[PDB]
Every structure is written in structure tokens, then in C-alpha cells.
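**Student:** Residue numbers (our numbering), protein chains in the order written: chain A, 1 to 251; chain B, 252 to 359; chain C, 360 to 467; chain D, 468 to 679; chain E, 680 to 891; chain F, 892 to 1103.
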Amino acid sequence: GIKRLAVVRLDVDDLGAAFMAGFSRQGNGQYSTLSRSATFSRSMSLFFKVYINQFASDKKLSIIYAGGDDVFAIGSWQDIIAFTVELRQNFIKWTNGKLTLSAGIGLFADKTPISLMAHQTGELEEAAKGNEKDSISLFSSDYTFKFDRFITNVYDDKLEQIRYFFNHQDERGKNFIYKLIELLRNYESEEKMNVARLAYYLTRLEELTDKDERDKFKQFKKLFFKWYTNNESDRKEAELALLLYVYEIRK
Amino acid sequence: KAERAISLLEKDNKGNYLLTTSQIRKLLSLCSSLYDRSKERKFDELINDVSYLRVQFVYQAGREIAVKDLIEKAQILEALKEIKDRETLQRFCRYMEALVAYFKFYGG
Amino acid sequence: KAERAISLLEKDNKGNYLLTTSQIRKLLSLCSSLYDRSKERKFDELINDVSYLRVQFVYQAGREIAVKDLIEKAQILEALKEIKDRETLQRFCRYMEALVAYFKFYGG
Amino acid sequence: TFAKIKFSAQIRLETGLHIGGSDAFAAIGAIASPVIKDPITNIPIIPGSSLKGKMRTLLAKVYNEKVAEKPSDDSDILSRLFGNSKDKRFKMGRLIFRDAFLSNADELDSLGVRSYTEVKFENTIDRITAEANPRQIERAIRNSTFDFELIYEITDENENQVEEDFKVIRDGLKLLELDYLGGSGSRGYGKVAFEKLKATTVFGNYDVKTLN
Amino acid sequence: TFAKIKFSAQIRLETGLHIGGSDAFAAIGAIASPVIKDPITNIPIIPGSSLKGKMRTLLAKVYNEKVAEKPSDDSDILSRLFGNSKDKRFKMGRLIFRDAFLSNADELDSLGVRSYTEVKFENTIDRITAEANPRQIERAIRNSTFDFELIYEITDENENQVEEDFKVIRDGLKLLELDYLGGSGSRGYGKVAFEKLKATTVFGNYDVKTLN
Amino acid sequence: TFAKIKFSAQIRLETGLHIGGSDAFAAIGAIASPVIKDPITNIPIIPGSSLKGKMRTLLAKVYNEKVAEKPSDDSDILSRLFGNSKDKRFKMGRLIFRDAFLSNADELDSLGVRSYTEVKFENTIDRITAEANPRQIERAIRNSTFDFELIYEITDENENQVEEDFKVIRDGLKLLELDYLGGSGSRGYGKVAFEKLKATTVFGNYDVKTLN
RNA sequence: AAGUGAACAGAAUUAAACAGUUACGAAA
């Protein structure tokens, strides 16, 4: 890690709308009791304030402005990225998968004024509303996935099955990953040339490395070819997964 | 340009290619040293390297059996006559790189 | 230069050429050793090798039947008199390679 | 008062050396350790970072006594020539080199040149087995000039080492010719030769005393 | 303190040897074992990589007490002369060679020669048939000089071991004359001979004591 | 430990032989296989490649236990003397030859000679007819000597059988005297004669045992 | 003074064709 930090603003959705007429399901009951709506907002208010301090153990964080709407977290980015998606998993089980959640992880520089640091991290949530209501942005306004898709594809197999494959090829071959994140930059130019050039710099990482272990690069070569040539929108998942691994081991 | 290079190069004959990347360092040395030099000066000035580039695809074609079977399929001698302009030569330099990337993916 | 050398060399007589590229290593050893040396010093300095180069195309033309039939068709003795400058000699050295690369293209 | 003394020289490479550069970003033939060149043309330009560090290393071993443990911290008589990152009295250095380019292209093509760089074949022996790992490197041509200009400037105020700074630069450039330059030059690849070492005044504020 | 001792000598080839150049990279005559030459002219030059690896090989088999398993790791009395990639005390060596060029062209043209390198014809016997596989090689001329300069320098601190290092360099150059140099020297092609072995001082900081 | 034994001898030619030089590569006379000579002078020198392929062939048919079918694979007592392209224990050969030059020119002109090479008229008869294909050859001089040197060295470990190797070299050189050397010596052209077979120590690390 | 045309095959091959000690150093 380096001297950076991440700023996330968790804001649950499906709260301002469908709040008064969201209990209709049967023509028998009226579902308009005031006590039904009182316990609906009180049960969720306990998780976004009291239960946050309980899950803050064994980690260095600092909650700012606690509430049942929008919060403000700041600290070391070595765990906020992993804790933001982990906190959402506890809200889905509490609601049985009925209320979505959104946020906005934003990284900036060190010793920056809050007037513009905390203002630019909020535009990622508004820019992510172009799709529908369940989306989130990472660094810039280009990695606008489906929020929940980040853990089912990028954090699923694109992040767990890479922590011990390329780790053995680090140090002596750390500069070999810089050519991979840069090759996927020029994509709107020519599509036929972007595919043939990728097949040249990828096969060179099999013979140069240690050939004593066959199961060291075979699992990484097959997954890297399928994750790139399958869909136009799927290439953004493999590009973001390889970028987060560079910041993991650095300095 | 680069889409047909994955099917025409794969369709060959017997597997286990005995030709690697070290024995082809003679005919592939002038292709990379031409695209980076034709952009500086004009095309009508370099008249000695253009005629010598065709000789490399003829003398090395009758010595090894792993050379004639690739030129006739990829049509290398056919594209050497259509080129005549500096902009057209830039396209032929990019087609040669497609026959090398897909060759090392299936073997070496 | 290189376009008319692919048709004049192919038009011969009976097939199965008995002459290989190893029995003509006498008249071809001085032409390759002159181009790399004429590009360093001047042309008026080397006067003992210019007159000796023409003798190789005459002494070896009466000792083998596979030599006279190639000089009279390719017109080798005609280009030996037109040359007189160092830049003109560089053009004749590149034309000699066409009679060797294209000769083994159809056989050996 | 404040002049810009320029020491124009012609670096003649008596032996082809090797300098490591960017790999797997040039062309498809990025093997044999391709030397970095011009980002626009194909003229092999020499970097200026390899000259400022090599000249300071060979000079900080005869003009000083304390062993240099970390950069920007060795004596004081030579710290003002290149620079000091830990000192506050001075920051900018007086010695400014330049990324010289091969200006010999005006007559190099007339002598018949195939390429500007050639690939050299080498190998190694493990001293217990036969030949293994046939590696390969890439070198440059021989006898090539370069437009090298030394941008020198004085601080006007502390102007009393002019007669002393001239004998240091002349001794540093002459000693550099007796040592390799670049990378992997221990086998005899570097060894430069500064040809035509002259001085001139472009700004016009100080006279000319010495020439070589 | 810090001197630049130069051991100038003339390498006289008593027997024509062979050096494997860059195969499949030259012109149309890339067969018959192409010998590396000058990238600009046609004067054959000898590389310096074949001298540093051969001199260290013959030296690491008489002045040691342990079989060298891997390079850059054999004894210690000779590791500081050529270098060490696994040591943490010293890195840069004290012996720098140079790509010597054929300086015998001042009188070679007066005798009237055909070319700088000739082609020798050889073959082999399969011990069951007559002539098979008519191969061919390439050799150089005989009795040719080469400007060989040995760049020697001390690190000031290593001053009490100067006379001990002179007997090692002299023993390595004399023993190299009784062994083939270059390549394909098993049939009797190498065997060099250092002529006019003298020493001089260029920087001027150490006295002149040794000579032959 | 590491010694350099030199077996100086004089190869006296009792009969003029013929060695096929570089065909179709000579100067003013390239008729009937021009014999290879010196690239600088005119004295015909004998190549060292013929002394390695002929001595090993005649020795691999008397000191072996299996019929050989390919080079670098015959018995084991003689594989370490010339080399082995399959065994990983040893690769370099302990026997180093040298292109022996004709040192008899200091007194050859006193006896009144014409030239160094002459044309011998030798043809063939087709039995069924008269003279057919009147070919010819080119032989050298008769009763000439050559300053041959045999560079021998040990690898320290190869010390407990030094006397075993002396009887192999002495038996191989004596057997070569009763056989033609060079090429097309079936008509009585070769048959060498090693004169003054002595040994000496140049490096000085091993005692002198043999002499005659 | 006397038919004189060195004839006929293989045209460089089989190992090995990036191995390792390793990465923003001290200010805001």
C-alpha cells in the first residue's frame, strides 16, 4: 500500500419511494396501520447506526454523521473497499433480498481540503443513476457496473483466484503486469488489432516463468482469455480486477 | 486484416511445429526496420531496401520446408506488388505481426 | 530490376537443373566481397579487382555448358561496361542476387 | 555577471555499447533487449540520465575522502556541481546535460548501412555442464557523433570558483573516456571519446579564457 | 590513490581462428558460418565478450580450492578481478577489456590480398560410409595485430594488494597463449600470442614499475 | 595441479601428399583442385582438421569394445581425449592441435628448387577403350618438415592416470606414420614421419618423465 | 606432324533457443 485513502458514502435506496403504499399485497387487509410504518423505519434505523459500531471491531475506522439515510466513512483504504461490500451482505439477509443498497468508493490524495474532496466523491452516486437504481462507480465515471455485480464477478473469481497465482511471480516480475493494464486502454480505435496484439504479450508469460509447476500458469492463462473475449461490457470487469491487484502489493 | 489470421494460420497439417521463433529472425528483421523508417523520409527515396525485401522471401523459401507452406497460404508475394505508396506500405507491416502472435499461442 | 528477373530466368529448356548453388561459388564470391568494400573507400582506388572481376565471367564460361546458357540470356557482359561510378556499381551487385534466389525457387 | 557558458562537444563512440530501455512496447520484435530510441523516428538517441550519474560516480572517489553512503551527500566541493536534495543553501545544479541525437545521419546512409542497430549473439557456461540458455543482446554501430552541449551557469554572487571549476569538468570528461558507458559494458562496450571540446558564449556576458 | 593503468599490447594471431557471428541477420551470404565484423566498414573486429569469459575460465581452475558450481561464485582471490553478482561487498570489477580492431591494414593492402576472410571447406565421416554432409566454415587471416588495451584501476583502499594482482594478470595472459580463443578451436585454430606487452599511465597517479 | 605439457615434434613428409583445399576459391590458378595454402604468403600449410579426424579414426578401431556408428560415441577410454557431444560429465577436449607451418624454407632454396606446387599428370583407362578423361592433380614438395605443437593439459582430477595417456598418444602418432594423411593417398602419397618426438614443460607445474 | 574438354552423389546437421539477488529512498 501507499499513502492514499478512500472515501465512501453509503446511501440505501428504495427508502424515499414506495414507503406508504409498499405494504399492499392482499385486498383483505388495508395495510395502512401507522404502527406498521413505525416499526418499518425503526428496524432499519438500528442497523445503520448501532450495528455499525459492533461491526467496527478489529479494524481502524472513524464513522462520521451516523444515520438511517447517508453516512460518511474515511480511513485507510486497505479494508474500506472490502468492508463496504461486506456491510451490504448483512442488509440483504436482514431484508430477505428486497431493498437494494448503493454507495460510492472514492479515492483522493493526502492532505486535501474537505470542501472539494468530499464534494467530488458524491458525484459518483448521481452519475451511477444512468442505468437504473443499483449501480456504483470506482475511480472515474467509467467503472459504472451494477454494484452487486462487483462481488459476483470481479470479487468472486477474478479476485480470489489471483491472490496466490501471480504472487509467486511478483518482485522479479512485477513490471510484467504494467503492460496488461495499458493494453486495454486503446479500445475504441481498432477492434481487430486489439485482439491480435493481446495474444502476443500473454504467451510470453508462460515460458519465461518457472516451468517446473504446470498448474501455476495454466489456470491463469485459460481464465484470462475467456474473460476478455466474451462480451463488450465484460471487458471492464477484468480491467478493474487487474488494477486493484497492483495497488495491493506496492511500496 | 487481423480476423482471418486466426483461421488461416491454424488450419495446417501435422501437429508439433518444429519451427520456432529463432530460425525466422532473418526474414522478420527487415519488416520491423521498415515501418519505423518510412515515416521520416519519403517513399521514393528508399529504393534499395524495397527491392531487397522481396529477395528474403525467395532465397529462404527454397531451403526450409516450413517456409514455402506458409507463404503460399498467407499470400505474402501477392501483397508485395499491390503496394506502391507510403500509406499502403504501413498496412502490410501490420499484417506480418498477425502471423507471429497466433503462431506462438498454439505452440511455439 | 527484380520484376523482369522472375520471367527471364524461368524460361530455359529441359527441366531438372543439374547445376546447384555450390558449383558456382567462384564467380559469386567476388561480387559479394566487392559491394561491402566499395561502400567504404572510393572507386578509383580499387583498380586491380575491377578488371579481374570481368575475367571470372569469361574463364568460367567455356568450362561448363551450364554457364554460357545463362550469361547470354541474362546479359551479364553488357552491364560490366556501362558501370563506371561507385553508385552505379552498387546497382549491379543487387541484380546478381536475383539470379541466385530465384534459381532455387523452382528446384535447387 | 550572469552568463550561459556552453561546452559543445562531439561524443564519438569508439565501441558499440548497450543501454537498457523500454521493452514490450516498441514493436513485435522486442527481444534481444531492444535499446530505447527516438519516439518519432528510428535514430537511436542516447539518454541524458546515464551521463549525469556516471560522471558523478567516477568523480566522487578521488576528489573526496569520506565514503559516499547515500546520494546527494558527499563532501561539499562537488555537491554544488550536480545538486543536493538535503541541503538548503543550494538546490539547482550548474551541470545540465542534454539528450543528444545521432547527427551523423547526413553521411551515414551514403556509406551503405543496413540498420542502425545489430543483434549480437552470446551465451554462457554453468562451469559444470555444457552450453545452456543461449541468450542474445543488441548493440549499436561504431564511430558515431552526437550533439552534446554542457549548459553551465554561475550564481553571480558566489563567483570565485571559475578557475577551479574548469579543471574539474575537464578532468571528469577525460576520465570518462577511460571507462564504459551504458549497461553490461564490463566486457568492453562503452569507452566514449569526446571529440572537439570547445567553449562558446551564447548569452554574451562573460569572456572566453580557455578552450579545451 | 586513484590511477588508470593501461596495459597496451598487440594480439598477434599465430593461427587463424573462428568466431561465430550473428547468424541469419547479415546479407545473402549468411551461410558458411558468418563471422562478426564491423557494422560500418568491412574490417573484421574481435568481440570483448569472448576474452573476459575465457580468461576467467582458465583462471578459475588453478587458483582456487573448490569446484565452481555456478558463475559469479568461485573462491575470492579472483572474484574481485572480473566481478560478482551474488556478493554484497564488491560489485564493479577492476578489469575492463575493449573490442580490438584489426590495425594491420597499414601494410596488408601492400601485399595484395583477395578478401579479409576466406571460406574453408570441411566435412565428416559417419564411420560407415564415405563423404557425407559437405559442410563449410569461415576463418580469418594469419599474423594480424590487434590494439588491445586493458583498463586497470584501483579503489584507493585496495592499495596493499597491487603487486599481488600483477602476478595474476601476467599469469592469465601467458596461459591464454597456450589455449584456443574464440570458437571451434579444438582442431587447432586459436592459440593467440600477446606481442609487445607494456604498461603506461594515462591519468598519472601511480608510478611505473612493471613492464613485461 | 594444472600443467601445460607441450609435445614438440617435426612432421617429416617422406612422400608428397595432396590435400583438397577450398574448391572454386583461389587466385590465379584454380585448376585440378587448388591446394589450400597461407592466406598471407604462398607456403602451403597443412590444416589441423585432418590431424584430428584421421588420428581418432585409426585409434577407435583398436582400442575399443564396440563397433562405432556415429562420431562422439565410441568406447570411453578415448572419448575424453577428443570430446563427446552426448556425455554431460565432460565436453571440452584435453588435446589441442595446431596448424603446423613449413619451417624448412630456411634451407630449401639452397638446394635449387623451382616452385612449391607442381602439376602431376595422372589419368585413367576405361579398360574397354584407350585413354578416357585425361585428368590431373596438384601435389606439393617432397622431403619437407612441419613445426607441429601438441598442447596437452590436465584438469587436476585427471592425475591418477597420466602415464596411461602417454602410451596412447605415442602409439597413435607412431601408427599414423604407416598410413596416408590428407586426401586421395591410396596411390602412395601420404605416409608421414614424426621426427624428434620430445616433451617439455612451458607453464611449469609437472615434472618431466617421457623424452623419446 | 599424331581426338587430349576431372567424371559421378550429399550443398552444413542432431543438443540447448531470458536463467536470478529485486523495486516512490527522506519535506508540506
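C-beta: ideal position from N, C-alpha, C; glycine also.
Let me know the secondary structure DSSP gives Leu208(A) once reduced to three states.
**Tutor:** As a working note, residue 208(A) is residue 208 in the first sequence. Correct three-state label for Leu208(A): coil.
**Student:** Under 8 Å by Cβ, that's how I've got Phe294(B) and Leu340(B) pegged, so tell me the actual separation to the nearest angstrom.
**Tutor:** Within the second sequence, the letter at position 43 stands for residue 294(B). Within the second sequence, the letter at position 89 stands for residue 340(B). Right, their Cβ atoms sit about 7 Å apart.
**Student:** Under a Cβ-count criterion, where at least 16 other Cβ atoms within 10 Å of its own Cβ denotes burial, should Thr879(E) be classed as buried or exposed?
**Tutor:** Start at 1 with the first residue of the fifth sequence, and residue 879(E) comes out as number 200. That one is exposed.
**Student:** Answer yes or no: the CB of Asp295(B) versus the heavy atoms of the ligand FAD, is any distance below 8 Å?
**Tutor:** The ligand FAD is absent from the structure shown, which contains no ligand whatsoever.
**Student:** Determine contact between the stretch 770 to 777 of chain E and the stretch 917 to 933 of chain F, defined as no fewer than three beta-carbon pairs at a distance below 8 Å.
**Tutor:** These segments do not touch.
**Student:** In the DSSP assignment, what residue or residues form a beta bridge with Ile987(F)?
**Tutor:** For the purposes of this step, residue 987(F) is identified with residue 96 of the sixth sequence, where counting begins at 1. Beta-bridge pairing links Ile987(F) to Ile1042(F).
**Student:** Below 9 Å on C-beta distance, what does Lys749(E) contact in chain D?
**Tutor:** The residue labelled residue 749(E) in the question sits at position 70 within the fifth sequence. Simply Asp593, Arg594 and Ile595.
**Student:** From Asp674(D) to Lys665(D), what distance separates their C-alpha atoms?
**Tutor:** Position 207 of the fourth sequence, counting from 1, holds the residue named residue 674(D). Position 198 of the fourth sequence, counting from 1, holds the residue named residue 665(D). About 14 Å.
**Student:** If we define contact as Cβ-Cβ less than 9 Å, is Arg602(D) a contact residue for chain E?
**Tutor:** The sequence position of residue 602(D) within the fourth sequence is 135, counting from 1. For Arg602(D), the answer is no, since every Cβ of chain E falls outside 9 Å of its Cβ.
**Student:** Using three-state DSSP, classify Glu446(C) as helix, strand or coil.
**Tutor:** In the third sequence, counting from the first residue as 1, residue 446(C) sits at position 87. Note: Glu446(C) maps to helix in three-state DSSP.
**Student:** If the cut is a Cβ gap below 8 Å, which residues of chain C does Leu578(D) touch?
**Tutor:** Taking the fourth sequence and counting its residues from 1, the one referred to as residue 578(D) is at position 111. The answer, in chain order, is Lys398 and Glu399.
**Student:** Between the stretch 648 to 666 of chain D and the stretch 784 to 793 of chain E, do at least 3 Cβ pairs fall closer than 8 Å?
**Tutor:** Touching, no.
**Student:** Tell me, which residues are paired with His697(E) by DSSP?
**Tutor:** Counted from its first residue, the fifth sequence places residue 697(E) at position 18. Looking at the DSSP assignment, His697(E) forms a beta bridge with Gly862(E).
**Student:** For the stretch 591 to 599 of chain D against the stretch 533 to 549 of chain D, do three or more pairs of beta-carbon atoms, one drawn from each stretch, fall closer than 8 Å, so that the two count as touching?
**Tutor:** Touching, no.
**Student:** Evaluate contact between the stretch 712 to 722 of chain E and the stretch 633 to 649 of chain D, counting only Cβ atoms and requiring at least three cross-stretch pairs below 8 Å.
**Tutor:** Segments in contact, no.
**Student:** Drop a sphere of 10 angstroms on the beta-carbon of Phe800(E), count the other beta-carbons inside from all chains shown, and report buried for 16 or more, exposed for fewer.
**Tutor:** The sequence position of residue 800(E) within the fifth sequence is 121, counting from 1. Answer is buried; the Cβ neighbour count reaches 16.
**Student:** Along the stretch 480 to 498 of chain D, where does the CB come closer than 9 Å to a CB of chain B? Name the residues.
**Tutor:** Result list: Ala493, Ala494, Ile495, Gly496 and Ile498.
**Student:** Hey, does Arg214(A) have any beta-carbon neighbour from chain B nearer than 9 Å?
**Tutor:** Reading the first sequence from its first residue, position 214 is the one you call residue 214(A). With 9 Å as the cut-off, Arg214(A) does not count as an interface residue toward chain B.
**Student:** Which residues bound the beta strand (DSSP E) around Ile902(F)?
**Tutor:** Residue 902(F) sits at position 11 when you count from the first residue of the sixth sequence. First-last of the beta strand (DSSP E) with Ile902(F): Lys895 to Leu904.
**Student:** Please say whether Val85(A) and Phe150(A) have beta carbons closer to each other than 9 Å?
**Tutor:** Here residue 150(A) corresponds to residue number 150 of the first sequence, with the count starting at 1. Here residue 85(A) corresponds to residue number 85 of the first sequence, with the count starting at 1. Contact: yes.
**Student:** Enumerate in chain order the residues of its own chain whose CB-to-CB distance from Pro601(D) is below 7 Å, with the five nearest sequence positions on each side excluded.
**Tutor:** In the fourth sequence, residue 601(D) corresponds to position 134, counting from 1. So the list reads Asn590, once near-sequence residues are dropped.
**Student:** Using alpha carbons as the reference points, say which of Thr1101(F), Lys1058(F) and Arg971(F) lies closest to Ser865(E).
**Tutor:** As a first step, residue 865(E) is located in the fifth sequence; it is residue number 186 there, counting from the start. Closest option to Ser865(E), Cα to Cα, is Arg971(F).
**Student:** What ranges does the beta strand (DSSP E) occupy inside the stretch 55 to 118 of chain A, keeping only unbroken runs of at least 3 residues that lie completely in it?
**Tutor:** For the stretch 55 to 118 of chain A, whole beta strand (DSSP E) runs of length 3 or above, ordered along the chain, are 62 to 64, 72 to 75 and 106 to 108.
**Student:** Run down chain B in chain order and give the residues with a C-beta less than 8 Å from the C-beta of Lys360(C).
**Tutor:** Within the third sequence, residue 360(C) is the residue found at index 1, counting from 1. Simply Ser302.
**Student:** Give me the Cα-Cα distance between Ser391(C) and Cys452(C), rounded to the nearest whole angstrom.
**Tutor:** Taking the first residue of the third sequence as 1, we reach residue 391(C) at position 32. Taking the first residue of the third sequence as 1, we reach residue 452(C) at position 93. Straight-line Cα distance between these residues: approximately 7 Å.
**Student:** Per DSSP, which residues does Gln30(A) bridge with? Please list them.
**Tutor:** Indexing the first sequence from 1 puts residue 30(A) at position 30. Answer is none; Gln30(A) lacks a bridge partner.
**Student:** Among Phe91(A), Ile81(A), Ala56(A) and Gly22(A), which has the Cα closest to the Cα of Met44(A)?
**Tutor:** Indexing the first sequence from 1 puts residue 44(A) at position 44. Ranking the options by Cα distance to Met44(A), first place goes to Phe91(A).
**Student:** Quick one: list the residues of chain C neighbouring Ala312(B), beta-carbon separation under 7 Å, in chain order.
**Tutor:** The count along the second sequence starts at 1 and reaches residue 312(B) at position 61. The answer, in chain order, is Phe464.
**Student:** On a CA-only basis, which of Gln169(A), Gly68(A), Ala56(A) and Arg172(A) is nearest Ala82(A)? Give me that one, please.
**Tutor:** Here the question's residue 82(A) lines up with position 82 in the first sequence. The shortest C-alpha separation from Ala82(A) is found at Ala56(A).
**Student:** Determine, using beta carbons only, whether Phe633(D) and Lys676(D) come nearer to each other than 9 Å.
**Tutor:** Translated into positions along the fourth sequence, residue 633(D) becomes position 166. Translated into positions along the fourth sequence, residue 676(D) becomes position 209. Yes. Within cutoff.
**Student:** Looking at the unbroken beta strand (DSSP E) that takes in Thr584(D), where does it start and where does it end?
**Tutor:** One-based indexing of the fourth sequence puts residue 584(D) at position 117. Run containing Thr584(D): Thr584 to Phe588, per the beta strand (DSSP E) assignment.
**Student:** In chain E, which residues lie less than 8 Å from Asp428(C) when you measure between Cβ atoms?
**Tutor:** Position 69 of the third sequence, counting from 1, holds the residue named residue 428(C). Per Cβ cutoff of 8 Å: no residues; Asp428(C) is ~23 Å from chain E at best.
**Student:** What does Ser392(C) touch in chain F if you count any residue whose Cβ is under 9 Å from its own?
**Tutor:** Numbered from its first residue, the third sequence carries residue 392(C) at position 33. Ordered by position in chain F, no residue passes the 9 Å Cβ test against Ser392(C), which lies about 11 Å from the chain.
**Student:** Between which residues of its own chain and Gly695(E) is the CB-CB distance below 8 Å, once the five residues before and five after are set aside?
**Tutor:** Numbered from its first residue, the fifth sequence carries residue 695(E) at position 16. Cβ within range, chain order: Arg818, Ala819, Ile820, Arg821 and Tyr868.
**Student:** Identify every residue that forms a DSSP beta bridge with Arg818(E).
**Tutor:** Working through the fifth sequence from its first residue, we reach residue 818(E) at position 139. In the DSSP output, where bridge partners are listed per residue, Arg818(E) has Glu797(E).
**Student:** Measure from the C-beta of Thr209(A) to each C-beta in chain B and report whether the shortest distance is under 9 Å.
**Tutor:** For the purposes of this step, residue 209(A) is identified with residue 209 of the first sequence, where counting begins at 1. Closer than 9 Å: no.
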